[PDB]
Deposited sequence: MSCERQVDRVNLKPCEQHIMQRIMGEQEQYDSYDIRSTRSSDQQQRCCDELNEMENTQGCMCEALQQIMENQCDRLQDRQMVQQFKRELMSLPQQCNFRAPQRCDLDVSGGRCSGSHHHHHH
(Lines of atoms letter the chains of each structure in order from A and count residues from 1; the text may use other names and numbers.)
(Lines give C-alpha, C1' and ligand atoms only; values in the text may rest on other atoms or scores of the structure.)
Protein backbone atom coordinates (compact mmCIF):
# COMPACT_ATOMS: atom_id res chain seq x y z
CA UNK A 1 0.00 0.00 0.00
CA UNK A 2 0.93 3.67 -0.19
CA UNK A 3 2.84 5.06 2.79
CA UNK A 4 -0.08 7.28 3.84
CA UNK A 5 -2.42 4.27 3.84
CA UNK A 6 -0.16 2.07 5.98
CA UNK A 7 0.02 4.70 8.73
CA UNK A 8 -3.77 5.13 8.75
CA UNK A 9 -4.20 1.40 9.43
CA UNK A 10 -2.32 1.35 12.74
CA UNK A 11 -3.23 3.13 15.99
CA UNK A 12 -0.40 5.51 16.88
CA UNK A 13 -2.02 6.82 20.08
CA UNK A 14 0.28 4.70 22.34
CA UNK A 15 3.26 6.19 20.49
CA UNK A 16 1.92 9.74 20.86
CA UNK A 17 1.05 9.20 24.53
CA UNK A 18 4.44 7.61 25.25
CA UNK A 19 6.32 10.57 23.75
CA UNK A 20 4.05 13.18 25.36
CA UNK A 21 4.53 11.66 28.82
CA UNK A 22 8.30 12.12 28.56
CA UNK A 23 7.99 15.63 27.10
CA UNK A 24 5.49 16.88 29.70
CA UNK A 25 6.80 16.23 33.21
CA UNK A 26 -0.98 -0.36 30.23
CA UNK A 27 2.53 -0.34 28.72
CA UNK A 28 2.38 2.39 26.08
CA UNK A 29 5.96 1.78 24.91
CA UNK A 30 5.35 -1.91 24.20
CA UNK A 31 1.97 -1.20 22.62
CA UNK A 32 3.55 1.51 20.45
CA UNK A 33 6.02 -0.99 18.98
CA UNK A 34 3.22 -3.58 18.87
CA UNK A 35 1.14 -1.17 16.78
CA UNK A 36 4.18 -0.20 14.71
CA UNK A 37 4.76 -3.92 14.09
CA UNK A 38 1.40 -4.24 12.34
CA UNK A 39 2.90 -2.77 9.16
CA UNK A 40 3.82 -4.27 5.80
CA UNK A 41 7.39 -3.01 6.27
CA UNK A 42 9.01 -1.08 9.11
CA UNK A 43 12.17 -0.27 7.11
CA UNK A 44 10.17 2.13 4.99
CA UNK A 45 6.96 4.11 5.64
CA UNK A 46 8.42 4.62 9.12
CA UNK A 47 9.25 8.27 8.41
CA UNK A 48 5.63 8.96 7.45
CA UNK A 49 4.55 7.26 10.68
CA UNK A 50 7.03 9.34 12.69
CA UNK A 51 5.82 12.53 11.00
CA UNK A 52 2.17 11.60 11.58
CA UNK A 53 2.82 11.08 15.31
CA UNK A 54 4.02 14.68 15.52
CA UNK A 55 1.18 15.89 13.28
CA UNK A 56 -1.44 14.45 15.65
CA UNK A 57 0.18 16.24 18.62
CA UNK A 58 1.17 19.61 17.12
CA UNK A 59 -1.76 21.37 18.81
CA UNK A 60 -0.25 20.31 22.16
CA UNK A 61 3.25 21.54 21.21
CA UNK A 62 3.51 25.11 22.45
CA UNK A 63 6.85 26.37 21.10
CA UNK A 64 9.95 25.31 19.19
CA UNK A 65 11.64 24.02 22.36
CA UNK A 66 8.81 21.51 22.83
CA UNK A 67 8.89 20.66 19.11
CA UNK A 68 12.65 20.06 19.26
CA UNK A 69 12.22 17.77 22.28
CA UNK A 70 9.41 15.92 20.47
CA UNK A 71 11.65 15.43 17.43
CA UNK A 72 14.42 13.92 19.57
CA UNK A 73 12.03 11.34 21.02
CA UNK A 74 10.68 10.46 17.56
CA UNK A 75 14.18 9.88 16.17
CA UNK A 76 14.91 7.65 19.19
CA UNK A 77 11.65 5.68 19.00
CA UNK A 78 12.97 3.10 16.46
CA UNK A 79 15.83 2.26 18.83
CA UNK A 80 13.30 1.88 21.65
CA UNK A 81 11.64 -0.94 19.67
CA UNK A 82 14.95 -2.55 18.59
CA UNK A 83 14.32 -1.30 15.05
CA UNK A 84 16.61 0.44 12.54
CA UNK A 85 16.44 4.22 12.36
CA UNK A 86 15.67 5.55 8.86
CA UNK A 87 18.28 7.78 7.25
CA UNK A 88 16.01 10.26 5.43
CA UNK A 89 13.46 11.48 8.01
CA UNK A 90 12.90 15.17 7.24
CA UNK A 91 11.19 15.94 10.53
CA UNK A 92 12.56 19.50 10.69
CA UNK A 93 10.62 20.71 7.66
CA UNK A 94 7.47 18.79 8.60
CA UNK A 95 7.62 20.09 12.17
CA UNK A 96 7.64 23.70 10.98
CA UNK A 97 4.67 23.46 8.61
CA UNK A 98 2.22 21.40 10.71
Missing stretches, numbered from 1 on the deposited chain sequence and kept in order: 26-40, 114-122
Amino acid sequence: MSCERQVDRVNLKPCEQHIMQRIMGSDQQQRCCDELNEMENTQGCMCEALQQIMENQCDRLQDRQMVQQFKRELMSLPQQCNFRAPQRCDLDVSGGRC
From here on, numbers count along this sequence of modelled residues.
Mean C-alpha B-factor comparison - 55-63 and 36-44, higher one: 36-44
Higher-scoring stretch by recorded Cα B factor average, 85-93 or 15-23: 85-93
